[PDB]
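What follows is entry-v7.cif (mmCIF, C-alpha atoms and all ligand atoms).
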```cif
data_structure
#
loop_
_atom_site.group_PDB
_atom_site.id
_atom_site.type_symbol
_atom_site.label_atom_id
_atom_site.label_comp_id
_atom_site.auth_asym_id
_atom_site.auth_seq_id
_atom_site.Cartn_x
_atom_site.Cartn_y
_atom_site.Cartn_z
ATOM 1 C CA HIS A 3 0.000 0.000 0.000
ATOM 2 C CA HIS A 4 0.911 2.994 -1.786
ATOM 3 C CA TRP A 5 -0.999 4.998 -4.429
ATOM 4 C CA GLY A 6 -3.265 3.040 -6.731
ATOM 5 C CA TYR A 7 -6.725 3.157 -8.228
ATOM 6 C CA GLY A 8 -8.841 1.886 -5.290
ATOM 7 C CA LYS A 9 -11.332 3.866 -3.123
ATOM 8 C CA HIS A 10 -8.757 4.496 -0.482
ATOM 9 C CA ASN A 11 -5.671 5.176 -2.589
ATOM 10 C CA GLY A 12 -7.019 6.381 -5.954
ATOM 11 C CA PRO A 13 -6.576 9.605 -7.883
ATOM 12 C CA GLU A 14 -8.408 11.807 -5.414
ATOM 13 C CA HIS A 15 -5.851 10.843 -2.758
ATOM 14 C CA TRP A 16 -2.635 11.236 -4.786
ATOM 15 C CA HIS A 17 -2.186 14.917 -3.915
ATOM 16 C CA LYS A 18 -1.295 14.068 -0.290
ATOM 17 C CA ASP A 19 1.923 12.337 -1.321
ATOM 18 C CA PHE A 20 2.295 14.171 -4.650
ATOM 19 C CA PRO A 21 1.139 17.770 -4.237
ATOM 20 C CA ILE A 22 1.912 18.483 -7.922
ATOM 21 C CA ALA A 23 -1.346 16.569 -8.517
ATOM 22 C CA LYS A 24 -3.056 19.964 -8.128
ATOM 23 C CA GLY A 25 -0.452 21.675 -10.376
ATOM 24 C CA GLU A 26 -0.786 23.953 -13.345
ATOM 25 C CA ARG A 27 -0.146 21.458 -16.133
ATOM 26 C CA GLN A 28 -1.622 18.127 -15.041
ATOM 27 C CA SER A 29 -2.845 15.372 -17.332
ATOM 28 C CA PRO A 30 -5.039 13.971 -18.662
ATOM 29 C CA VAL A 31 -7.493 16.610 -19.818
ATOM 30 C CA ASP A 32 -10.729 16.729 -21.758
ATOM 31 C CA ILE A 33 -10.082 17.698 -25.366
ATOM 32 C CA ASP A 34 -12.821 20.115 -26.397
ATOM 33 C CA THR A 35 -12.675 19.680 -30.140
ATOM 34 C CA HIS A 36 -14.460 22.891 -30.924
ATOM 35 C CA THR A 37 -12.069 24.964 -28.799
ATOM 36 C CA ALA A 38 -8.838 23.324 -29.967
ATOM 37 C CA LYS A 39 -7.298 25.521 -32.578
ATOM 38 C CA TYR A 40 -5.661 24.399 -35.772
ATOM 39 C CA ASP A 41 -2.014 25.417 -35.739
ATOM 40 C CA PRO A 42 -0.680 25.610 -39.276
ATOM 41 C CA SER A 43 2.830 25.897 -37.968
ATOM 42 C CA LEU A 44 2.748 22.358 -36.447
ATOM 43 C CA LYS A 45 5.029 20.097 -38.516
ATOM 44 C CA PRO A 46 4.038 16.507 -39.580
ATOM 45 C CA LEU A 47 4.654 13.977 -36.829
ATOM 46 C CA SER A 48 7.549 11.592 -37.581
ATOM 47 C CA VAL A 49 7.104 8.169 -36.023
ATOM 48 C CA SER A 50 10.162 6.100 -36.867
ATOM 49 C CA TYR A 51 9.728 2.640 -35.389
ATOM 50 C CA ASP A 52 11.274 0.382 -38.084
ATOM 51 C CA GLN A 53 14.290 -0.386 -35.902
ATOM 52 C CA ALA A 54 12.389 -0.725 -32.619
ATOM 53 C CA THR A 55 13.806 -3.376 -30.246
ATOM 54 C CA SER A 56 11.286 -4.615 -27.704
ATOM 55 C CA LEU A 57 12.787 -6.558 -24.829
ATOM 56 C CA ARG A 58 10.337 -7.445 -22.077
ATOM 57 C CA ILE A 59 6.834 -7.031 -20.747
ATOM 58 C CA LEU A 60 6.294 -6.267 -17.056
ATOM 59 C CA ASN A 61 3.235 -6.145 -14.791
ATOM 60 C CA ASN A 62 4.218 -3.278 -12.475
ATOM 61 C CA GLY A 63 1.078 -3.439 -10.338
ATOM 62 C CA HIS A 64 -0.652 -0.525 -12.099
ATOM 63 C CA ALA A 65 -0.394 -1.484 -15.778
ATOM 64 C CA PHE A 66 1.831 -3.621 -17.978
ATOM 65 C CA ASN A 67 4.785 -2.028 -19.748
ATOM 66 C CA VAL A 68 6.257 -3.270 -23.007
ATOM 67 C CA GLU A 69 9.855 -2.153 -22.689
ATOM 68 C CA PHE A 70 12.287 -1.242 -25.453
ATOM 69 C CA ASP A 71 16.014 -0.954 -25.812
ATOM 70 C CA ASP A 72 16.499 2.825 -25.529
ATOM 71 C CA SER A 73 20.331 2.724 -25.404
ATOM 72 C CA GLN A 74 20.453 4.025 -28.988
ATOM 73 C CA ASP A 75 18.193 5.975 -31.389
ATOM 74 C CA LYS A 76 16.249 2.983 -32.670
ATOM 75 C CA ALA A 77 12.575 3.900 -32.248
ATOM 76 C CA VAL A 78 12.099 7.674 -32.202
ATOM 77 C CA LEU A 79 9.458 10.329 -32.310
ATOM 78 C CA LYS A 80 10.249 13.683 -33.891
ATOM 79 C CA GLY A 81 8.431 16.521 -35.642
ATOM 80 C CA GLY A 82 4.964 17.714 -34.776
ATOM 81 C CA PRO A 83 5.267 20.090 -31.837
ATOM 82 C CA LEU A 84 8.609 18.607 -30.815
ATOM 83 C CA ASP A 85 12.092 20.097 -30.983
ATOM 84 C CA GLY A 86 14.683 17.346 -31.136
ATOM 85 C CA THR A 87 14.523 13.584 -30.899
ATOM 86 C CA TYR A 88 12.602 11.468 -28.417
ATOM 87 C CA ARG A 89 13.417 7.808 -27.856
ATOM 88 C CA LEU A 90 10.773 5.177 -27.171
ATOM 89 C CA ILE A 91 11.281 3.597 -23.761
ATOM 90 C CA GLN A 92 7.988 1.746 -23.140
ATOM 91 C CA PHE A 93 4.328 1.628 -23.965
ATOM 92 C CA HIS A 94 1.426 0.703 -21.752
ATOM 93 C CA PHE A 95 -2.358 1.055 -21.620
ATOM 94 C CA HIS A 96 -5.065 2.351 -19.337
ATOM 95 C CA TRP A 97 -8.433 0.610 -19.488
ATOM 96 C CA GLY A 98 -11.800 0.194 -17.822
ATOM 97 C CA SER A 99 -13.919 -2.453 -16.213
ATOM 98 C CA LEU A 100 -16.558 -1.782 -18.916
ATOM 99 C CA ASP A 101 -16.232 -0.575 -22.503
ATOM 100 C CA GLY A 102 -17.758 2.793 -21.614
ATOM 101 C CA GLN A 103 -14.741 3.944 -19.611
ATOM 102 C CA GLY A 104 -10.985 3.411 -19.536
ATOM 103 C CA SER A 105 -9.325 6.281 -21.370
ATOM 104 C CA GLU A 106 -7.522 9.061 -19.535
ATOM 105 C CA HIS A 107 -7.985 11.784 -22.102
ATOM 106 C CA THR A 108 -11.576 12.376 -23.215
ATOM 107 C CA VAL A 109 -12.857 13.936 -26.408
ATOM 108 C CA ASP A 110 -15.834 16.257 -25.869
ATOM 109 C CA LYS A 111 -16.260 14.333 -22.581
ATOM 110 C CA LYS A 112 -16.353 10.947 -24.443
ATOM 111 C CA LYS A 113 -14.450 8.197 -22.698
ATOM 112 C CA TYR A 114 -12.945 5.444 -24.830
ATOM 113 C CA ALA A 115 -12.540 1.855 -23.677
ATOM 114 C CA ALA A 116 -8.775 2.242 -23.280
ATOM 115 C CA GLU A 117 -5.835 4.443 -24.139
ATOM 116 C CA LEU A 118 -2.347 3.440 -25.331
ATOM 117 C CA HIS A 119 0.621 5.550 -24.192
ATOM 118 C CA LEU A 120 3.906 5.276 -26.137
ATOM 119 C CA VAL A 121 6.417 7.037 -23.852
ATOM 120 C CA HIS A 122 9.492 8.720 -25.257
ATOM 121 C CA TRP A 123 12.281 10.761 -23.673
ATOM 122 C CA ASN A 124 14.219 13.700 -25.095
ATOM 123 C CA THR A 125 17.712 12.538 -25.971
ATOM 124 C CA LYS A 127 19.148 15.959 -25.109
ATOM 125 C CA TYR A 128 18.851 14.976 -21.445
ATOM 126 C CA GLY A 129 20.775 11.715 -21.765
ATOM 127 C CA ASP A 130 18.506 9.362 -19.786
ATOM 128 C CA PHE A 131 14.893 9.038 -18.728
ATOM 129 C CA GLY A 132 15.457 9.941 -15.101
ATOM 130 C CA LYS A 133 17.012 13.284 -16.046
ATOM 131 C CA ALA A 134 14.396 13.905 -18.759
ATOM 132 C CA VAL A 135 11.481 13.680 -16.348
ATOM 133 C CA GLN A 136 12.978 16.636 -14.432
ATOM 134 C CA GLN A 137 12.576 18.907 -17.467
ATOM 135 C CA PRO A 138 9.477 20.605 -18.863
ATOM 136 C CA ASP A 139 10.203 19.214 -22.349
ATOM 137 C CA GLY A 140 11.628 15.908 -21.134
ATOM 138 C CA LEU A 141 9.025 13.441 -22.467
ATOM 139 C CA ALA A 142 6.716 13.075 -25.423
ATOM 140 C CA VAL A 143 3.828 10.701 -24.969
ATOM 141 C CA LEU A 144 1.883 9.540 -28.025
ATOM 142 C CA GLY A 145 -1.655 8.720 -26.895
ATOM 143 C CA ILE A 146 -3.947 6.509 -28.944
ATOM 144 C CA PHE A 147 -7.550 5.750 -28.060
ATOM 145 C CA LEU A 148 -8.966 2.227 -28.250
ATOM 146 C CA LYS A 149 -12.589 1.464 -29.072
ATOM 147 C CA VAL A 150 -14.163 -1.976 -29.055
ATOM 148 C CA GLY A 151 -15.130 -3.413 -32.436
ATOM 149 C CA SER A 152 -12.903 -5.362 -34.811
ATOM 150 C CA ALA A 153 -9.741 -6.966 -33.469
ATOM 151 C CA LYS A 154 -6.398 -5.239 -33.838
ATOM 152 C CA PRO A 155 -4.147 -7.917 -35.316
ATOM 153 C CA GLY A 156 -1.000 -6.218 -34.157
ATOM 154 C CA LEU A 157 -2.185 -6.263 -30.538
ATOM 155 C CA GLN A 158 -2.688 -10.040 -30.311
ATOM 156 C CA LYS A 159 0.920 -10.872 -29.425
ATOM 157 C CA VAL A 160 0.563 -8.578 -26.442
ATOM 158 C CA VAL A 161 -2.709 -10.065 -25.259
ATOM 159 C CA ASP A 162 -1.460 -13.626 -25.646
ATOM 160 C CA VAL A 163 1.484 -13.101 -23.250
ATOM 161 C CA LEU A 164 -0.633 -11.505 -20.496
ATOM 162 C CA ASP A 165 -1.427 -14.852 -18.881
ATOM 163 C CA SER A 166 2.282 -15.170 -18.086
ATOM 164 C CA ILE A 167 2.425 -11.797 -16.262
ATOM 165 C CA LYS A 168 -0.852 -11.985 -14.386
ATOM 166 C CA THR A 169 0.391 -10.523 -11.096
ATOM 167 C CA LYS A 170 2.484 -7.609 -9.951
ATOM 168 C CA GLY A 171 6.206 -8.040 -10.389
ATOM 169 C CA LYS A 172 6.010 -10.717 -13.099
ATOM 170 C CA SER A 173 7.800 -10.128 -16.358
ATOM 171 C CA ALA A 174 8.292 -12.123 -19.577
ATOM 172 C CA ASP A 175 10.659 -11.891 -22.535
ATOM 173 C CA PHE A 176 8.940 -9.891 -25.263
ATOM 174 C CA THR A 177 11.346 -9.463 -28.157
ATOM 175 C CA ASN A 178 10.649 -8.669 -31.759
ATOM 176 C CA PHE A 179 7.343 -6.854 -31.140
ATOM 177 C CA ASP A 180 6.624 -4.197 -33.769
ATOM 178 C CA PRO A 181 4.701 -1.222 -32.288
ATOM 179 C CA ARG A 182 3.837 0.015 -35.793
ATOM 180 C CA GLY A 183 1.058 -2.535 -35.641
ATOM 181 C CA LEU A 184 -0.702 -0.451 -32.934
ATOM 182 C CA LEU A 185 -0.976 2.766 -34.931
ATOM 183 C CA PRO A 186 -4.103 4.009 -36.712
ATOM 184 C CA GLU A 187 -4.033 5.138 -40.336
ATOM 185 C CA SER A 188 -3.964 8.838 -39.687
ATOM 186 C CA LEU A 189 -1.420 10.730 -37.611
ATOM 187 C CA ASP A 190 -3.704 13.784 -37.130
ATOM 188 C CA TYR A 191 -3.346 14.842 -33.500
ATOM 189 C CA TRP A 192 -3.996 17.270 -30.714
ATOM 190 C CA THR A 193 -1.125 18.506 -28.540
ATOM 191 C CA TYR A 194 -0.738 20.327 -25.241
ATOM 192 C CA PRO A 195 1.787 20.545 -22.402
ATOM 193 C CA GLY A 196 1.014 18.290 -19.429
ATOM 194 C CA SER A 197 2.254 15.686 -17.052
ATOM 195 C CA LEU A 198 2.667 12.003 -16.354
ATOM 196 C CA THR A 199 -0.727 10.611 -15.403
ATOM 197 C CA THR A 200 0.679 8.387 -12.652
ATOM 198 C CA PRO A 201 2.658 9.409 -9.570
ATOM 199 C CA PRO A 202 5.016 11.195 -9.441
ATOM 200 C CA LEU A 203 2.821 13.235 -11.837
ATOM 201 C CA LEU A 204 5.813 15.208 -13.069
ATOM 202 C CA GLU A 205 5.060 18.098 -15.411
ATOM 203 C CA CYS A 206 7.477 17.005 -18.118
ATOM 204 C CA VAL A 207 5.271 15.777 -20.984
ATOM 205 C CA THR A 208 4.418 17.109 -24.405
ATOM 206 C CA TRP A 209 1.224 15.201 -25.129
ATOM 207 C CA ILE A 210 0.426 14.166 -28.692
ATOM 208 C CA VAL A 211 -3.022 12.517 -28.772
ATOM 209 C CA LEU A 212 -4.094 10.988 -32.089
ATOM 210 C CA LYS A 213 -7.571 11.790 -33.306
ATOM 211 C CA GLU A 214 -8.199 8.406 -34.898
ATOM 212 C CA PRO A 215 -8.803 5.561 -32.428
ATOM 213 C CA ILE A 216 -7.738 2.021 -33.129
ATOM 214 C CA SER A 217 -10.305 -0.735 -32.825
ATOM 215 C CA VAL A 218 -9.681 -3.783 -30.665
ATOM 216 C CA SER A 219 -12.028 -6.686 -30.114
ATOM 217 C CA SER A 220 -14.084 -7.373 -26.945
ATOM 218 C CA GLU A 221 -11.980 -10.526 -26.527
ATOM 219 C CA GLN A 222 -8.759 -8.551 -26.582
ATOM 220 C CA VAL A 223 -9.840 -6.009 -23.922
ATOM 221 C CA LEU A 224 -11.375 -8.821 -21.821
ATOM 222 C CA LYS A 225 -7.860 -10.276 -21.513
ATOM 223 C CA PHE A 226 -6.542 -6.947 -20.266
ATOM 224 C CA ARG A 227 -9.204 -7.139 -17.552
ATOM 225 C CA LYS A 228 -7.946 -10.578 -16.345
ATOM 226 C CA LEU A 229 -4.662 -9.079 -15.172
ATOM 227 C CA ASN A 230 -4.183 -8.459 -11.457
ATOM 228 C CA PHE A 231 -3.031 -5.446 -9.475
ATOM 229 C CA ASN A 232 -1.964 -7.765 -6.655
ATOM 230 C CA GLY A 233 1.101 -9.976 -6.344
ATOM 231 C CA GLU A 234 1.088 -13.745 -6.627
ATOM 232 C CA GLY A 235 -0.550 -15.464 -3.676
ATOM 233 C CA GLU A 236 -2.444 -12.290 -2.668
ATOM 234 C CA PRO A 237 -6.210 -11.723 -2.757
ATOM 235 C CA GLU A 238 -7.211 -11.137 -6.359
ATOM 236 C CA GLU A 239 -7.863 -7.559 -7.388
ATOM 237 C CA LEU A 240 -8.510 -7.348 -11.128
ATOM 238 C CA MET A 241 -6.450 -4.760 -12.958
ATOM 239 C CA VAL A 242 -9.286 -2.621 -14.269
ATOM 240 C CA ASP A 243 -10.060 1.128 -14.160
ATOM 241 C CA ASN A 244 -6.381 2.067 -13.998
ATOM 242 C CA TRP A 245 -7.097 5.541 -15.428
ATOM 243 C CA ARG A 246 -6.809 9.008 -13.952
ATOM 244 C CA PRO A 247 -9.798 11.254 -14.760
ATOM 245 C CA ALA A 248 -9.503 14.536 -16.653
ATOM 246 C CA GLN A 249 -7.803 17.384 -14.744
ATOM 247 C CA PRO A 250 -8.378 21.140 -15.039
ATOM 248 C CA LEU A 251 -6.969 22.647 -18.217
ATOM 249 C CA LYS A 252 -5.953 25.878 -16.436
ATOM 250 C CA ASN A 253 -3.811 28.193 -18.523
ATOM 251 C CA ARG A 254 -3.375 25.876 -21.518
ATOM 252 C CA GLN A 255 -4.375 25.745 -25.094
ATOM 253 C CA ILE A 256 -4.840 22.484 -26.986
ATOM 254 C CA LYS A 257 -3.640 22.741 -30.591
ATOM 255 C CA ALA A 258 -4.812 20.636 -33.516
ATOM 256 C CA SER A 259 -2.569 19.507 -36.384
ATOM 257 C CA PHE A 260 -5.568 19.265 -38.738
ATOM 258 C CA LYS A 261 -8.617 21.262 -39.921
HETATM 259 ZN ZN ZN B 301 -0.138 6.111 -19.288
#
```
In structure tokens, how does this file's structure come out?
Ligand SMILES: [Zn+2]
Amino acid sequence: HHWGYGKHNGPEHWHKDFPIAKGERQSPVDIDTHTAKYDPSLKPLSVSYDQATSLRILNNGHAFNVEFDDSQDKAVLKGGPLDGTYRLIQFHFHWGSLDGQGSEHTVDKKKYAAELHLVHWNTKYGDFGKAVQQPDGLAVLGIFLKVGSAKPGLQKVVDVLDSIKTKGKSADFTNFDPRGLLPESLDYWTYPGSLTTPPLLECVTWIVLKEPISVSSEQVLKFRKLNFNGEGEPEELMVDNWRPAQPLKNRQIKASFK
């Protein structure tokens, strides 16, 4: 015990250990599509994942992370609102107990069934731990998931989840291609924000794609069989591991598209 997503340790309690939870640039936020303004100076997003090297998948007790080798510029995000080069370190998801909830960002108050976060750190700061101390340290690519057709490129992830059911379990997860999780369009919204889990550091340029990917009910059902607890502990399904929308405060959300 420790922050989490339960009644006694969930998002409304995080500010006691992490006072930045009530900060000026917290995430996620609701994206009001009518208020977001098209910014013609935003540059196309460059997602360069052809040399991505996945290594491992880990249940960390709040989500599962697919981890990459970030010891060289293999998988990088550049362009869009970003200055410089950001290296992929891990992706993970947030999801609900029901299809009507699960995403962290919302779009005109709509909640999606889940949200994928591809986390990248700015190579100008040398390593992730230094990057999170900087206002432009991370770039997180957020992708909404809706339930409908299966996402073929997700299936290798869902099929390994039985081997990392409980907190602290990991499994080898090499040769996974994250290009198979992207939608067709790279149109996006962007704003300055934070990590959505403690320590809630205000170090993220968010890039949230407009186009959701579709996953099947069977795929998200397997997410919901994971556990927040460790092996041999009372079972607590890993569901509703999302932080709700936070006040936008003095921020503007920009759109890459008209
Ligand atoms: Zn996340």
Write out as a ChimeraX atom specification each polymer residue (protein, DNA or RNA) that has an atom no more than 9 Å from ligand ZN 301 (chain B), with all atoms listed in the file counted. /A:65,93-96,106,117-121,143,145,198-200,245
Selected residues written out, C-alpha atoms, as a PDB file, keeping the file's coordinate frame:
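Final output, saved to selection36.pdb:
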```pdb
ATOM      1  CA  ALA A  65      -0.394  -1.484 -15.778  1.00  0.00           C
ATOM      2  CA  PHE A  93       4.328   1.628 -23.965  1.00  0.00           C
ATOM      3  CA  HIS A  94       1.426   0.703 -21.752  1.00  0.00           C
ATOM      4  CA  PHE A  95      -2.358   1.055 -21.620  1.00  0.00           C
ATOM      5  CA  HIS A  96      -5.065   2.351 -19.337  1.00  0.00           C
ATOM      6  CA  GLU A 106      -7.522   9.061 -19.535  1.00  0.00           C
ATOM      7  CA  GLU A 117      -5.835   4.443 -24.139  1.00  0.00           C
ATOM      8  CA  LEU A 118      -2.347   3.440 -25.331  1.00  0.00           C
ATOM      9  CA  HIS A 119       0.621   5.550 -24.192  1.00  0.00           C
ATOM     10  CA  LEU A 120       3.906   5.276 -26.137  1.00  0.00           C
ATOM     11  CA  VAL A 121       6.417   7.037 -23.852  1.00  0.00           C
ATOM     12  CA  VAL A 143       3.828  10.701 -24.969  1.00  0.00           C
ATOM     13  CA  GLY A 145      -1.655   8.720 -26.895  1.00  0.00           C
ATOM     14  CA  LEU A 198       2.667  12.003 -16.354  1.00  0.00           C
ATOM     15  CA  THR A 199      -0.727  10.611 -15.403  1.00  0.00           C
ATOM     16  CA  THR A 200       0.679   8.387 -12.652  1.00  0.00           C
ATOM     17  CA  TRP A 245      -7.097   5.541 -15.428  1.00  0.00           C
TER      18      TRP A 245
END
```
Please provide the set of residues having any atom within 9 Å of region 25-42 of chain A, restricted to all atoms listed in the file, with same-chain residues fewer than 3 positions apart removed, written as JSON, numbers by chain. {"A": [21, 22, 45, 106, 107, 108, 109, 110, 111, 112, 192, 195, 196, 197, 198, 199, 203, 204, 205, 207, 209, 246, 247, 248, 249, 250, 251, 252, 253, 254, 255, 256, 257, 258, 259, 260, 261]}
Pick out the residues sitting within 8 Å of residue 161 (chain A), and hand them over as number ranges by chain; count only C-alpha atoms, and ignore anything fewer than 3 positions along from it in its own chain. A: 157-158, 164, 222, 225-226
State, in Å with one decimal place, the distance from CA of residue 236 (chain A) to CA of residue 174 (chain A).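 Between these atoms lies a distance of 20.0 Å.
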Among A:44, A:135, A:91, A:100, residue 202 (chain A) is approached most closely, using all atoms listed in the file, by A:135
Evaluated on this file, the PyMOL selection byres (((chain A and resi 167-173) around 12) and not hetatm) picks out some residues - which ones are they, written as number ranges by chain? A: 57-69, 160-166, 174-176, 225-241
Could you write region 54-73 of chain A as a PDB file, in the coordinates of the input, with N, CA, C and O atoms rebuilt where they are missing?
```pdb
ATOM      1  N   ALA A  54      12.733  -0.519 -34.016  1.00  0.00           N
ATOM      2  CA  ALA A  54      12.389  -0.725 -32.619  1.00  0.00           C
ATOM      3  C   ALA A  54      12.842  -2.083 -32.103  1.00  0.00           C
ATOM      4  O   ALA A  54      12.717  -3.102 -32.803  1.00  0.00           O
ATOM      5  N   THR A  55      13.371  -2.105 -30.870  1.00  0.00           N
ATOM      6  CA  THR A  55      13.806  -3.376 -30.246  1.00  0.00           C
ATOM      7  C   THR A  55      13.065  -3.562 -28.923  1.00  0.00           C
ATOM      8  O   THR A  55      13.480  -2.994 -27.905  1.00  0.00           O
ATOM      9  N   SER A  56      11.962  -4.317 -28.982  1.00  0.00           N
ATOM     10  CA  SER A  56      11.286  -4.615 -27.704  1.00  0.00           C
ATOM     11  C   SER A  56      12.124  -5.635 -26.975  1.00  0.00           C
ATOM     12  O   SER A  56      12.815  -6.433 -27.549  1.00  0.00           O
ATOM     13  N   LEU A  57      12.016  -5.599 -25.648  1.00  0.00           N
ATOM     14  CA  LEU A  57      12.787  -6.558 -24.829  1.00  0.00           C
ATOM     15  C   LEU A  57      11.941  -7.391 -23.913  1.00  0.00           C
ATOM     16  O   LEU A  57      12.185  -8.599 -23.768  1.00  0.00           O
ATOM     17  N   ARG A  58      10.950  -6.786 -23.239  1.00  0.00           N
ATOM     18  CA  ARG A  58      10.337  -7.445 -22.077  1.00  0.00           C
ATOM     19  C   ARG A  58       8.972  -6.836 -21.843  1.00  0.00           C
ATOM     20  O   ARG A  58       8.750  -5.695 -22.244  1.00  0.00           O
ATOM     21  N   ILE A  59       8.114  -7.572 -21.161  1.00  0.00           N
ATOM     22  CA  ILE A  59       6.834  -7.031 -20.747  1.00  0.00           C
ATOM     23  C   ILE A  59       6.740  -7.283 -19.243  1.00  0.00           C
ATOM     24  O   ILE A  59       7.089  -8.360 -18.749  1.00  0.00           O
ATOM     25  N   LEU A  60       6.284  -6.275 -18.512  1.00  0.00           N
ATOM     26  CA  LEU A  60       6.294  -6.267 -17.056  1.00  0.00           C
ATOM     27  C   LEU A  60       4.932  -5.847 -16.500  1.00  0.00           C
ATOM     28  O   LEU A  60       4.424  -4.800 -16.905  1.00  0.00           O
ATOM     29  N   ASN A  61       4.382  -6.610 -15.579  1.00  0.00           N
ATOM     30  CA  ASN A  61       3.235  -6.145 -14.791  1.00  0.00           C
ATOM     31  C   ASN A  61       3.813  -5.405 -13.602  1.00  0.00           C
ATOM     32  O   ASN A  61       4.474  -6.030 -12.736  1.00  0.00           O
ATOM     33  N   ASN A  62       3.613  -4.079 -13.539  1.00  0.00           N
ATOM     34  CA  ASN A  62       4.218  -3.278 -12.475  1.00  0.00           C
ATOM     35  C   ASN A  62       3.216  -2.999 -11.360  1.00  0.00           C
ATOM     36  O   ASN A  62       3.508  -2.181 -10.460  1.00  0.00           O
ATOM     37  N   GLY A  63       2.061  -3.666 -11.368  1.00  0.00           N
ATOM     38  CA  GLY A  63       1.078  -3.439 -10.338  1.00  0.00           C
ATOM     39  C   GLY A  63       0.109  -2.311 -10.642  1.00  0.00           C
ATOM     40  O   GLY A  63      -0.881  -2.137  -9.890  1.00  0.00           O
ATOM     41  N   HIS A  64       0.325  -1.553 -11.703  1.00  0.00           N
ATOM     42  CA  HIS A  64      -0.652  -0.525 -12.099  1.00  0.00           C
ATOM     43  C   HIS A  64      -0.972  -0.622 -13.585  1.00  0.00           C
ATOM     44  O   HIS A  64      -2.016  -0.093 -13.963  1.00  0.00           O
ATOM     45  N   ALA A  65      -0.159  -1.233 -14.395  1.00  0.00           N
ATOM     46  CA  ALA A  65      -0.394  -1.484 -15.778  1.00  0.00           C
ATOM     47  C   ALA A  65       0.616  -2.569 -16.195  1.00  0.00           C
ATOM     48  O   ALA A  65       1.296  -3.125 -15.343  1.00  0.00           O
ATOM     49  N   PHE A  66       0.685  -2.870 -17.480  1.00  0.00           N
ATOM     50  CA  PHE A  66       1.831  -3.621 -17.978  1.00  0.00           C
ATOM     51  C   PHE A  66       2.606  -2.734 -18.941  1.00  0.00           C
ATOM     52  O   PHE A  66       2.022  -2.033 -19.791  1.00  0.00           O
ATOM     53  N   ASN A  67       3.922  -2.785 -18.850  1.00  0.00           N
ATOM     54  CA  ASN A  67       4.785  -2.028 -19.748  1.00  0.00           C
ATOM     55  C   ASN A  67       5.483  -2.966 -20.725  1.00  0.00           C
ATOM     56  O   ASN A  67       6.126  -3.946 -20.272  1.00  0.00           O
ATOM     57  N   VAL A  68       5.386  -2.649 -22.003  1.00  0.00           N
ATOM     58  CA  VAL A  68       6.257  -3.270 -23.007  1.00  0.00           C
ATOM     59  C   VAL A  68       7.463  -2.366 -23.125  1.00  0.00           C
ATOM     60  O   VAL A  68       7.342  -1.191 -23.539  1.00  0.00           O
ATOM     61  N   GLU A  69       8.629  -2.891 -22.783  1.00  0.00           N
ATOM     62  CA  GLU A  69       9.855  -2.153 -22.689  1.00  0.00           C
ATOM     63  C   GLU A  69      10.735  -2.304 -23.907  1.00  0.00           C
ATOM     64  O   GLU A  69      10.780  -3.419 -24.446  1.00  0.00           O
ATOM     65  N   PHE A  70      11.420  -1.242 -24.280  1.00  0.00           N
ATOM     66  CA  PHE A  70      12.287  -1.242 -25.453  1.00  0.00           C
ATOM     67  C   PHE A  70      13.717  -0.962 -25.086  1.00  0.00           C
ATOM     68  O   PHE A  70      14.025  -0.339 -24.055  1.00  0.00           O
ATOM     69  N   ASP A  71      14.631  -1.362 -25.973  1.00  0.00           N
ATOM     70  CA  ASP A  71      16.014  -0.954 -25.812  1.00  0.00           C
ATOM     71  C   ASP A  71      16.123   0.515 -26.190  1.00  0.00           C
ATOM     72  O   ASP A  71      15.939   0.832 -27.408  1.00  0.00           O
ATOM     73  N   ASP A  72      16.377   1.389 -25.216  1.00  0.00           N
ATOM     74  CA  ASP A  72      16.499   2.825 -25.529  1.00  0.00           C
ATOM     75  C   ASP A  72      17.950   3.293 -25.323  1.00  0.00           C
ATOM     76  O   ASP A  72      18.162   4.475 -25.039  1.00  0.00           O
ATOM     77  N   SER A  73      18.903   2.381 -25.518  1.00  0.00           N
ATOM     78  CA  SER A  73      20.331   2.724 -25.404  1.00  0.00           C
ATOM     79  C   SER A  73      20.926   3.266 -26.712  1.00  0.00           C
ATOM     80  O   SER A  73      22.107   3.636 -26.729  1.00  0.00           O
TER      81      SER A  73
END
```
